[PDB]
Amino acid sequence: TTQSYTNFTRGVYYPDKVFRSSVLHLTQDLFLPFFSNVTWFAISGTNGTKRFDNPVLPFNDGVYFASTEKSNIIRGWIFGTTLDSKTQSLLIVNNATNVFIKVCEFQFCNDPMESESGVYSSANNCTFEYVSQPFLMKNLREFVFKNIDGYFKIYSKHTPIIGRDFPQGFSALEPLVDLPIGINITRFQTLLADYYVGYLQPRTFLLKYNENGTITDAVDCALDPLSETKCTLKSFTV
Amino acid sequence: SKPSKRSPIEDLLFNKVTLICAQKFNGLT
Amino acid sequence: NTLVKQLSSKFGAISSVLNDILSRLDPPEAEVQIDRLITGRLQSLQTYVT
Amino acid sequence: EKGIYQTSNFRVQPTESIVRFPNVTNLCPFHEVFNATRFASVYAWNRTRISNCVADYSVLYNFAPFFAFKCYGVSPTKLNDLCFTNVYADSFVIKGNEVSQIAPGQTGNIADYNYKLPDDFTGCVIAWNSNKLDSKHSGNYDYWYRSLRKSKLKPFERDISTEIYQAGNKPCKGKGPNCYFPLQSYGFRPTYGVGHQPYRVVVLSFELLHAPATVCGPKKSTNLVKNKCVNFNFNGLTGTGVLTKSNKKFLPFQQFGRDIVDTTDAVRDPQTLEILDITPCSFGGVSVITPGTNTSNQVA
Amino acid sequence: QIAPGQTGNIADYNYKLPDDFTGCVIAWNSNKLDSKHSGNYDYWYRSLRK
Ligand SMILES: *[C@@H]1O[C@H](CO)[C@@H](O[C@@H]2O[C@H](CO)[C@@H](O)[C@H](O)[C@H]2NC(C)=O)[C@H](O)[C@H]1NC(C)=O
Ligand SMILES: *[C@@H]1O[C@H](CO)[C@@H](O)[C@H](O)[C@H]1NC(C)=O
Ligand SMILES: *[C@@H]1O[C@H](CO)[C@@H](O)[C@H](O)[C@H]1NC(C)=O
Ligand SMILES: *[C@@H]1O[C@H](CO)[C@@H](O)[C@H](O)[C@H]1NC(C)=O
Ligand SMILES: *[C@@H]1O[C@H](CO)[C@@H](O)[C@H](O)[C@H]1NC(C)=O
């Protein structure tokens with residue numbers, strides 16, 4: 001169940017730890033381009049509850065992920081190059097009471113009516129463990145997963161929604177966690193017990209800061225001659 | 001009747017165009 | 001504003017901030033990084049004044 | 001001559017220094033890495049992460065006199081004054097002849113096949129003779145070197161997987177004339193000369209990205225003094241100014257603030273998480289008003 | 001290690017050249033004069049300087 005959706009202009013995030021107030025900041029980073037193709041993956045993905053099939057999507061220099069799943073079908077993410085016990089991989093699993101991030105030579109074993117079971121019975125040569133508060137826990141639950149200079153940076157935002165698939169407003173994601181995993185992570189797989197997957201590209205954005213330290217608007221400088229002009233002048237009004 | 005004793009037109013001219021180095025404190029005064 | 005903005009440029013130096021250059025490096029290396037910044041800032045002032 | 005002349009500039013000087021670091025009492029495990037009873041080979045170099053600790057480098061001088069201690073982006077003397085994002089210790093045993101080749105931008109068999117430093121490198125390369133520990137008459141099993149690599153390594157790449165290199169023009173499966181065997185482990189005898197003798201090398205990789213984390217040296221903090229012109233060091237950020245209570249609404253995420261012109265104008269206190277504004281100390285020009293030397297020597 | 005700006009045990013403990021140095025460092029092997037089977041008394045090095 002993959003439908004391209006080309007309408008989204010979402011995935012902006014705070015590029016750094018610096019606070020800015022009432023400025024327009026022009027920055028270059030990996031961002032989801034505006035009006036880029038975001039593959040839409042579709043209850044429980046491509047299979048029904050009994051069936052299994054998981055696209056095991058590429059991780060092209062960072063991935064934008066979102067999913068307004070009130071049933072908490074999505075539990076986590078798997079990053080690595082094979083995921084068949086032969087290489088090191090990063091597993092992120094949200095168990096509702098905590099979130100467990102582990103790095104091991106993990107082996108996928110068809111890991112998932114309303115049946116639950118454990119995952120990853122094979123876990124050799126473990127090198128990393130981190131725990132934190134629920135990442136997911138009606139809410140779009142936007143995430144950006146980026147891997148650069150060794151660090152695996154995870155950003156997220158919770159945006160309550162009732163009558164729409166996506167809110168009509170603008171949001172920016174805040175970093176949630178930044179981990180020194182050191183794993184190549186060329187591909188990734190979604191852990192399922194309505195998913196949007198986009199890809200980041202190097203781009204320059206003009207980011208508008210509020211009086212408080214929050215991003216309220218952004219211009220993608222390469223989308224259209226008008227946005228390019230706005231970036232050239234560093235103004236949202238031309 | 002107004003402080004600065006400017007004419008109505010001068011007051012308009014001063015209001016249309018927009019001492020302490022709060023900005024640019026890098027040796028520039 | 002342009003003249004102030006030029007201060008954040010590195011001009012080939014490891015850092016745009018003199019306190020960081022002096023804080024991390026011994027004088028014989030700091031002088032090289034500092035001279036790169038002096039050249040850049042001095043050119044910025046000559047451009048501004050002209 | 002009579003007139004007003006601009007001469008010197010004036011500045012208000014600081015009266016005291018403020019040093020603030022998080023209250024971390026855990027010491028960095030530098031002795032576990034340098035004093036380990038067993039070290040990994042240069043091919044399979046051991047990358048040990050050092051974090052959430054006090055980076056007191058005096059312990060390395062306590063460990064041994066050294067043959068090399070070459071810092072590229074920092075001075076050896078000043079390591080105890082800095083904070084680092086993510087110190088990495090790359091620990092291995094290498095032949096002495098290749099010790100001088102462990103440097104940014106070098107070309108040769110070791111740089112290309114087992115361990116490369118980035119051309120843009122901040123860190124220190126520490127090396128010493130290790131014959132007293134690992135030299136054996138029977139020969140150890142710790143040496144493991146790539147004889148010939150299929151392609152050049154990128155900085156910090158470790159090609160652990162072992163595969164046969166094709167020397168000939170056809171696929172080869174263990175046949176001498178066409179297969180080049182990819183590993184050169186060798187046992188070492190105490191009688192070999194210095195170029196053959198092992199050296200133990202530890203590379204400390206530093207990232208000085210305005211201290212988003214800690215790993216700070218052994219500096220003693222002082223009290224925080226506000227509303228005065230002071231010098232300060234906030235988690236490695238060095239400067240001079242007047243610190244005041246901030247009305248800025250920082251997110252839990254941001255640690256430092258900047259102005260429209262990218263200068264620093266706010267910090268997070270490393271111990272209390274208080275947000276402080278940095279106001280520069282008073283400065284301006286000084287003009288001298290002179291009636292003229294041939295009238296009076298009084299000036300304003 | 002006998003050169004301007006060097007760091008190490010000899011530069012730090014016994015003899016240092018200034019970073020701003022004009023001069024020549026001349027060195028040669030002297031085994032033919034001072035090498036003895038009993039051992040001379042001319043060597044005197046600082047093991048560790050305060
Ligand atoms: C910025 O944050 C403040 C809170 O720190 C927001 O709330 C208003 O802040 C102003 C500050 O002068 C108060 O007068 C209002 O009363 C606050 N609102 C409420 C509902 O109490 C503020 O809205 C945020 N945004 C902006 C643009 O300032
Ligand atoms: C584009 O976004 C709007 C909301 O901003 C939504 O109503 C619309 O359905 C989206 N486009 C498509 C083709 O779904
Ligand atoms: C140091 O102790 C104080 C005690 O109130 C605490 O607030 C502070 O967080 C501690 N330092 C660190 C590293 O958090
Ligand atoms: C380091 O090695 C020496 C060898 O004599 C030993 O005495 C010392 O206890 C060791 N220290 C650590 C921290 O392992
Ligand atoms: C390599 O580093 C790890 C870090 O946990 C350590 O446990 C291991 O003993 C080290 N091995 C060698 C051979 O130095």
# chains A, B, ... in the order shown; residues from 1 in each chain; ligands from 1
call {"tool": "interface_residues", "arguments": {"of": "chain D", "to": "chain A", "cutoff": "9 Å", "atoms": "only C-alpha atoms", "output": "PyMOL selection string"}}
result
chain D and resi 86+212+248-251+253-260+266
call {"tool": "write_last_selection", "arguments": {"atoms": "C-alpha atoms", "output": "short mmCIF file (atom, residue, chain, number, x, y, z; two decimals), in the first residue's frame"}}
result
data_model
loop_
_atom_site.label_atom_id
_atom_site.label_comp_id
_atom_site.auth_asym_id
_atom_site.auth_seq_id
_atom_site.Cartn_x
_atom_site.Cartn_y
_atom_site.Cartn_z
CA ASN D 86 33.16 12.94 22.37
CA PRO D 212 27.38 20.62 23.87
CA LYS D 248 14.76 34.68 27.35
CA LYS D 249 12.51 31.64 27.07
CA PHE D 250 14.95 28.90 26.18
CA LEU D 251 13.70 25.48 25.28
CA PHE D 253 17.15 21.91 24.24
CA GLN D 254 19.05 25.14 23.65
CA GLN D 255 22.22 25.66 25.71
CA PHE D 256 23.71 28.92 24.32
CA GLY D 257 22.21 31.98 22.61
CA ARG D 258 23.38 34.24 19.78
CA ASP D 259 22.42 37.68 18.44
CA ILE D 260 21.39 38.67 14.90
CA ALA D 266 23.43 34.17 26.49
#
call {"tool": "interface_residues", "arguments": {"of": "chain E", "to": "chain D", "cutoff": "12 Å", "atoms": "only C-alpha atoms", "output": "list in words"}}
result
residues 1, 5, 6, 7, 8, 9, 10, 12, 47, 48 and 49 of chain E
call {"tool": "write_last_selection", "arguments": {"atoms": "N, CA and C atoms", "output": "CSV table (one decimal), in the first residue's frame"}}
result
chain,number,residue,atom,x,y,z
E,1,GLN,N,64.8,16.6,18.4
E,1,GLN,CA,63.9,17.4,19.2
E,1,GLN,C,64.5,18.7,19.6
E,5,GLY,N,60.2,25.5,19.3
E,5,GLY,CA,58.8,25.1,19.3
E,5,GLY,C,58.5,23.6,19.6
E,6,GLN,N,59.5,22.8,19.9
E,6,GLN,CA,59.3,21.4,20.1
E,6,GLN,C,58.9,21.1,21.6
E,7,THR,N,58.1,20.0,21.7
E,7,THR,CA,57.6,19.5,23.0
E,7,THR,C,58.1,18.0,23.2
E,8,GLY,N,58.6,17.8,24.4
E,8,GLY,CA,59.1,16.4,24.7
E,8,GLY,C,59.9,16.6,26.0
E,9,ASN,N,60.5,15.4,26.3
E,9,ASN,CA,61.3,15.4,27.6
E,9,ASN,C,62.5,16.3,27.5
E,10,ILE,N,63.2,16.4,26.4
E,10,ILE,CA,64.5,17.1,26.4
E,10,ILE,C,64.2,18.6,26.3
E,12,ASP,N,61.6,20.2,27.3
E,12,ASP,CA,61.0,20.7,28.5
E,12,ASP,C,61.9,20.6,29.8
E,47,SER,N,65.4,13.3,34.6
E,47,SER,CA,64.4,12.3,34.5
E,47,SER,C,63.0,12.9,34.5
E,48,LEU,N,62.8,13.8,35.4
E,48,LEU,CA,61.5,14.5,35.5
E,48,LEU,C,61.7,15.8,36.1
E,49,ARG,N,61.3,16.9,35.4
E,49,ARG,CA,61.4,18.3,35.8
E,49,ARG,C,60.1,18.7,36.5
call {"tool": "residues_near_ligand", "arguments": {"ligand": "ligand 3", "cutoff": "8 Å", "atoms": "only C-alpha atoms and all ligand atoms", "output": "VMD selection string"}}
result
chain D and resid 21 to 24 270 to 273
call {"tool": "residues_around", "arguments": {"residues": "residue B:22", "least_positions_apart": "3", "cutoff": "10 Å", "atoms": "only C-alpha atoms", "output": "count of residues only"}}
result
5
call {"tool": "residues_around", "arguments": {"residues": "residue A:51", "least_positions_apart": "6", "cutoff": "12 Å", "atoms": "only C-alpha atoms", "output": "PyMOL selection string"}}
result
chain A and resi 43-45+110+112-113+192-193
call {"tool": "write_last_selection", "arguments": {"atoms": "N, CA, C and O atoms", "output": "PDB file, in the first residue's frame"}}
result
ATOM      1  N   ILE A  43      -3.156  -0.423   6.825  1.00  0.00           N
ATOM      2  CA  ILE A  43      -3.101  -0.822   8.226  1.00  0.00           C
ATOM      3  C   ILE A  43      -2.141  -1.996   8.352  1.00  0.00           C
ATOM      4  O   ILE A  43      -2.255  -2.993   7.627  1.00  0.00           O
ATOM      5  N   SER A  44      -1.170  -1.867   9.259  1.00  0.00           N
ATOM      6  CA  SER A  44      -0.097  -2.850   9.447  1.00  0.00           C
ATOM      7  C   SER A  44       0.773  -3.006   8.198  1.00  0.00           C
ATOM      8  O   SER A  44       1.343  -4.074   7.953  1.00  0.00           O
ATOM      9  N   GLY A  45       0.878  -1.948   7.398  1.00  0.00           N
ATOM     10  CA  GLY A  45       1.760  -1.973   6.234  1.00  0.00           C
ATOM     11  C   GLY A  45       1.127  -2.635   5.030  1.00  0.00           C
ATOM     12  O   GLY A  45      -0.030  -2.371   4.692  1.00  0.00           O
ATOM     13  N   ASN A 110      11.253 -12.595  11.746  1.00  0.00           N
ATOM     14  CA  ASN A 110       9.830 -12.289  11.554  1.00  0.00           C
ATOM     15  C   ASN A 110       9.279 -11.594  12.797  1.00  0.00           C
ATOM     16  O   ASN A 110       8.182 -11.890  13.276  1.00  0.00           O
ATOM     17  N   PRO A 112       7.438  -9.146  15.110  1.00  0.00           N
ATOM     18  CA  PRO A 112       6.365  -8.160  14.984  1.00  0.00           C
ATOM     19  C   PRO A 112       6.542  -7.039  16.004  1.00  0.00           C
ATOM     20  O   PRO A 112       6.730  -7.329  17.186  1.00  0.00           O
ATOM     21  N   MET A 113      -4.944 -12.406  16.104  1.00  0.00           N
ATOM     22  CA  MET A 113      -5.497 -11.069  16.291  1.00  0.00           C
ATOM     23  C   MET A 113      -5.060 -10.471  17.622  1.00  0.00           C
ATOM     24  O   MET A 113      -5.299 -11.053  18.681  1.00  0.00           O
ATOM     25  N   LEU A 192       6.335  -3.179  13.371  1.00  0.00           N
ATOM     26  CA  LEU A 192       4.892  -3.151  13.531  1.00  0.00           C
ATOM     27  C   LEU A 192       4.501  -4.363  14.364  1.00  0.00           C
ATOM     28  O   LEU A 192       5.012  -5.463  14.136  1.00  0.00           O
ATOM     29  N   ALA A 193       3.567  -4.182  15.288  1.00  0.00           N
ATOM     30  CA  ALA A 193       3.083  -5.294  16.100  1.00  0.00           C
ATOM     31  C   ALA A 193       2.254  -6.259  15.262  1.00  0.00           C
ATOM     32  O   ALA A 193       1.866  -7.329  15.730  1.00  0.00           O
TER      33      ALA A 193
END
call {"tool": "atom_distance", "arguments": {"atom1": "atom CA of residue D:207", "atom2": "atom CA of residue D:122"}}
result
6.7 Å
call {"tool": "interface_residues", "arguments": {"of": "chain C", "to": "chain D", "cutoff": "6 Å", "atoms": "only C-alpha atoms", "output": "list in words"}}
result
residues 5, 24, 25 and 26 of chain C
call {"tool": "residues_near_ligand", "arguments": {"ligand": "ligand 4", "cutoff": "6 Å", "atoms": "only C-alpha atoms and all ligand atoms", "output": "MDAnalysis selection string"}}
result
chainID D and resid 31:32 35:36
call {"tool": "residues_near_ligand", "arguments": {"ligand": "ligand 5", "cutoff": "8 Å", "atoms": "only C-alpha atoms and all ligand atoms", "output": "mmCIF file with N, CA and C atoms, in the first residue's frame"}}
result
data_model
loop_
_atom_site.group_PDB
_atom_site.id
_atom_site.type_symbol
_atom_site.label_atom_id
_atom_site.label_comp_id
_atom_site.auth_asym_id
_atom_site.auth_seq_id
_atom_site.Cartn_x
_atom_site.Cartn_y
_atom_site.Cartn_z
ATOM 1 N N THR A 127 27.096 -4.022 22.099
ATOM 2 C CA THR A 127 27.998 -2.929 22.404
ATOM 3 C C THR A 127 27.316 -1.684 22.949
ATOM 4 N N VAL D 33 42.580 2.229 29.198
ATOM 5 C CA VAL D 33 43.006 2.148 27.798
ATOM 6 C C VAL D 33 44.523 2.051 27.651
ATOM 7 N N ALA D 36 46.005 -1.238 29.727
ATOM 8 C CA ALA D 36 45.318 -2.509 29.519
ATOM 9 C C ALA D 36 46.333 -3.638 29.427
ATOM 10 N N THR D 37 45.949 -4.811 29.917
ATOM 11 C CA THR D 37 46.863 -5.940 29.880
ATOM 12 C C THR D 37 46.921 -6.544 28.486
ATOM 13 N N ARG D 38 45.946 -6.229 27.630
ATOM 14 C CA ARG D 38 45.933 -6.680 26.251
ATOM 15 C C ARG D 38 45.389 -5.569 25.361
ATOM 16 N N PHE D 39 46.054 -5.337 24.220
ATOM 17 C CA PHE D 39 45.625 -4.354 23.229
ATOM 18 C C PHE D 39 45.297 -5.016 21.901
ATOM 19 N N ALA D 40 44.364 -4.390 21.200
ATOM 20 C CA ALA D 40 43.953 -4.802 19.873
ATOM 21 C C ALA D 40 45.045 -4.482 18.851
ATOM 22 N N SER D 41 45.011 -5.204 17.736
ATOM 23 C CA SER D 41 45.948 -4.983 16.643
ATOM 24 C C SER D 41 45.642 -3.668 15.918
ATOM 25 N N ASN D 46 41.144 -0.692 18.462
ATOM 26 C CA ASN D 46 40.071 -0.620 19.458
ATOM 27 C C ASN D 46 39.665 0.825 19.710
ATOM 28 N N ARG D 47 38.414 1.157 19.376
ATOM 29 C CA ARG D 47 37.896 2.511 19.527
ATOM 30 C C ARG D 47 37.107 2.578 20.833
ATOM 31 N N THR D 48 37.700 3.183 21.859
ATOM 32 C CA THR D 48 37.096 3.303 23.182
ATOM 33 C C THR D 48 36.520 4.702 23.345
ATOM 34 N N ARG D 49 35.248 4.795 23.696
ATOM 35 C CA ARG D 49 34.615 6.092 23.886
ATOM 36 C C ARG D 49 34.739 6.566 25.330
ATOM 37 N N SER D 91 43.175 2.651 20.128
ATOM 38 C CA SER D 91 44.311 1.979 20.749
ATOM 39 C C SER D 91 44.776 0.772 19.942
ATOM 40 N N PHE D 92 46.080 0.734 19.627
ATOM 41 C CA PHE D 92 46.613 -0.387 18.861
ATOM 42 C C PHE D 92 48.131 -0.520 19.009
#
call {"tool": "atom_distance", "arguments": {"atom1": "atom CA of residue C:45", "atom2": "atom CA of residue C:9"}}
result
13.6 Å
call {"tool": "residues_near_ligand", "arguments": {"ligand": "ligand 2", "cutoff": "7 Å", "atoms": "only C-alpha atoms and all ligand atoms", "output": "MDAnalysis selection string"}}
result
chainID A and resid 5 7:8 166 168
call {"tool": "atom_distance", "arguments": {"atom1": "atom CA of residue D:85", "atom2": "atom CA of residue D:51"}}
result
8.0 Å
call {"tool": "residues_around", "arguments": {"residues": "residue B:27", "least_positions_apart": "5", "cutoff": "12 Å", "atoms": "only C-alpha atoms", "output": "list in words"}}
result
residues 21 and 22 of chain B; 3, 4, 7 and 45 of chain C; 9, 10, 11, 280, 281, 282, 283, 284 and 285 of chain D
call {"tool": "write_last_selection", "arguments": {"atoms": "N, CA, C and O atoms", "output": "short mmCIF file (atom, residue, chain, number, x, y, z; two decimals), in the first residue's frame"}}
result
data_model
loop_
_atom_site.label_atom_id
_atom_site.label_comp_id
_atom_site.auth_asym_id
_atom_site.auth_seq_id
_atom_site.Cartn_x
_atom_site.Cartn_y
_atom_site.Cartn_z
N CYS B 21 25.31 51.97 22.44
CA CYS B 21 25.71 50.93 21.49
C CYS B 21 25.18 49.55 21.92
O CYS B 21 25.92 48.64 22.26
N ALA B 22 23.85 49.42 21.90
CA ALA B 22 23.25 48.13 22.25
C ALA B 22 23.53 47.10 21.16
O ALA B 22 23.70 45.92 21.46
N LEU C 3 29.94 44.71 8.07
CA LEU C 3 31.23 44.79 8.73
C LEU C 3 31.25 43.92 9.98
O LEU C 3 32.25 43.27 10.27
N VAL C 4 30.14 43.90 10.72
CA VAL C 4 30.10 43.05 11.91
C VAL C 4 30.06 41.59 11.48
O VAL C 4 30.66 40.73 12.13
N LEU C 7 33.16 39.38 11.06
CA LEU C 7 33.88 38.85 12.21
C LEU C 7 33.65 37.35 12.39
O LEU C 7 34.51 36.67 12.96
N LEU C 45 37.84 45.99 7.16
CA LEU C 45 37.83 47.41 7.51
C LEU C 45 38.23 48.29 6.35
O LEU C 45 37.67 49.38 6.18
N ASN D 9 41.13 54.65 23.41
CA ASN D 9 39.79 54.18 23.73
C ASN D 9 39.82 53.76 25.19
O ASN D 9 40.88 53.47 25.74
N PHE D 10 38.65 53.73 25.83
CA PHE D 10 38.55 53.26 27.19
C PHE D 10 37.67 52.03 27.22
O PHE D 10 36.76 51.86 26.39
N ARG D 11 38.04 51.21 28.22
CA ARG D 11 37.33 49.97 28.53
C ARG D 11 37.24 49.76 30.04
O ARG D 11 38.16 50.19 30.70
N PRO D 280 28.32 43.20 26.97
CA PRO D 280 29.75 43.53 26.96
C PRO D 280 30.05 44.64 27.95
O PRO D 280 29.19 45.46 28.28
N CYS D 281 31.29 44.66 28.44
CA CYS D 281 31.69 45.67 29.39
C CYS D 281 31.80 47.02 28.68
O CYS D 281 32.06 47.09 27.48
N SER D 282 31.55 48.09 29.44
CA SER D 282 31.51 49.43 28.88
C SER D 282 32.80 49.76 28.14
O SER D 282 33.90 49.38 28.55
N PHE D 283 32.68 50.28 26.92
CA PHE D 283 33.87 50.74 26.15
C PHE D 283 33.43 51.90 25.28
O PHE D 283 32.24 52.02 25.06
N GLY D 284 34.31 52.80 24.92
CA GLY D 284 34.07 53.90 24.01
C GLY D 284 35.36 54.63 23.73
O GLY D 284 36.43 54.24 24.20
N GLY D 285 35.28 55.64 22.91
CA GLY D 285 36.46 56.39 22.58
C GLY D 285 36.69 57.44 23.62
O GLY D 285 35.81 57.70 24.43
#
call {"tool": "closest_residue", "arguments": {"among": "D:247, D:136, D:28, D:276", "to": "ligand 1", "atoms": "only C-alpha atoms and all ligand atoms"}}
result
D:247
call {"tool": "decode", "arguments": {"residues": "chain E", "atoms": "C-alpha atoms", "output": "PDB file, in the first residue's frame"}}
result
ATOM      1  CA  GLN E   1      63.924  17.375  19.236  1.00  0.00           C
ATOM      2  CA  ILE E   2      66.452  20.240  19.571  1.00  0.00           C
ATOM      3  CA  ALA E   3      64.501  22.771  17.529  1.00  0.00           C
ATOM      4  CA  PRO E   4      62.322  25.862  18.104  1.00  0.00           C
ATOM      5  CA  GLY E   5      58.828  25.088  19.346  1.00  0.00           C
ATOM      6  CA  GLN E   6      59.279  21.378  20.128  1.00  0.00           C
ATOM      7  CA  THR E   7      57.630  19.473  22.979  1.00  0.00           C
ATOM      8  CA  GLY E   8      59.103  16.448  24.704  1.00  0.00           C
ATOM      9  CA  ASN E   9      61.270  15.444  27.601  1.00  0.00           C
ATOM     10  CA  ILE E  10      64.492  17.106  26.444  1.00  0.00           C
ATOM     11  CA  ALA E  11      62.890  20.349  25.269  1.00  0.00           C
ATOM     12  CA  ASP E  12      61.006  20.684  28.547  1.00  0.00           C
ATOM     13  CA  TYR E  13      63.589  19.451  31.065  1.00  0.00           C
ATOM     14  CA  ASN E  14      67.158  20.455  29.987  1.00  0.00           C
ATOM     15  CA  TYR E  15      67.421  22.656  26.887  1.00  0.00           C
ATOM     16  CA  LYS E  16      64.953  24.802  24.940  1.00  0.00           C
ATOM     17  CA  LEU E  17      65.413  27.040  21.965  1.00  0.00           C
ATOM     18  CA  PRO E  18      63.147  30.120  21.721  1.00  0.00           C
ATOM     19  CA  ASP E  19      60.235  29.953  19.308  1.00  0.00           C
ATOM     20  CA  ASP E  20      61.729  33.062  17.627  1.00  0.00           C
ATOM     21  CA  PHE E  21      65.198  31.614  16.982  1.00  0.00           C
ATOM     22  CA  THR E  22      68.068  32.667  14.736  1.00  0.00           C
ATOM     23  CA  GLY E  23      70.984  30.246  14.752  1.00  0.00           C
ATOM     24  CA  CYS E  24      72.221  26.805  13.749  1.00  0.00           C
ATOM     25  CA  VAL E  25      71.876  23.379  15.385  1.00  0.00           C
ATOM     26  CA  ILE E  26      74.958  21.279  14.555  1.00  0.00           C
ATOM     27  CA  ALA E  27      75.136  17.613  15.550  1.00  0.00           C
ATOM     28  CA  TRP E  28      77.316  14.579  14.847  1.00  0.00           C
ATOM     29  CA  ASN E  29      77.852  11.025  16.092  1.00  0.00           C
ATOM     30  CA  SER E  30      80.538  10.988  18.808  1.00  0.00           C
ATOM     31  CA  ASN E  31      80.954   7.259  19.521  1.00  0.00           C
ATOM     32  CA  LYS E  32      84.635   7.355  18.484  1.00  0.00           C
ATOM     33  CA  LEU E  33      85.580   9.582  21.474  1.00  0.00           C
ATOM     34  CA  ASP E  34      83.282   8.954  24.463  1.00  0.00           C
ATOM     35  CA  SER E  35      82.097   5.355  23.992  1.00  0.00           C
ATOM     36  CA  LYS E  36      83.612   3.182  26.729  1.00  0.00           C
ATOM     37  CA  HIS E  37      83.132  -0.420  27.796  1.00  0.00           C
ATOM     38  CA  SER E  38      83.206   0.601  31.474  1.00  0.00           C
ATOM     39  CA  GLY E  39      80.901   3.576  30.865  1.00  0.00           C
ATOM     40  CA  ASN E  40      81.618   7.290  31.152  1.00  0.00           C
ATOM     41  CA  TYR E  41      80.413   9.776  33.784  1.00  0.00           C
ATOM     42  CA  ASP E  42      79.472  12.547  31.339  1.00  0.00           C
ATOM     43  CA  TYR E  43      75.802  11.722  30.848  1.00  0.00           C
ATOM     44  CA  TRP E  44      73.509  13.632  33.178  1.00  0.00           C
ATOM     45  CA  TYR E  45      69.835  14.022  32.195  1.00  0.00           C
ATOM     46  CA  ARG E  46      66.760  15.231  34.033  1.00  0.00           C
ATOM     47  CA  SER E  47      64.420  12.276  34.455  1.00  0.00           C
ATOM     48  CA  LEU E  48      61.480  14.471  35.491  1.00  0.00           C
ATOM     49  CA  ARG E  49      61.393  18.269  35.813  1.00  0.00           C
ATOM     50  CA  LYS E  50      59.082  20.052  38.257  1.00  0.00           C
TER      51      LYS E  50
END
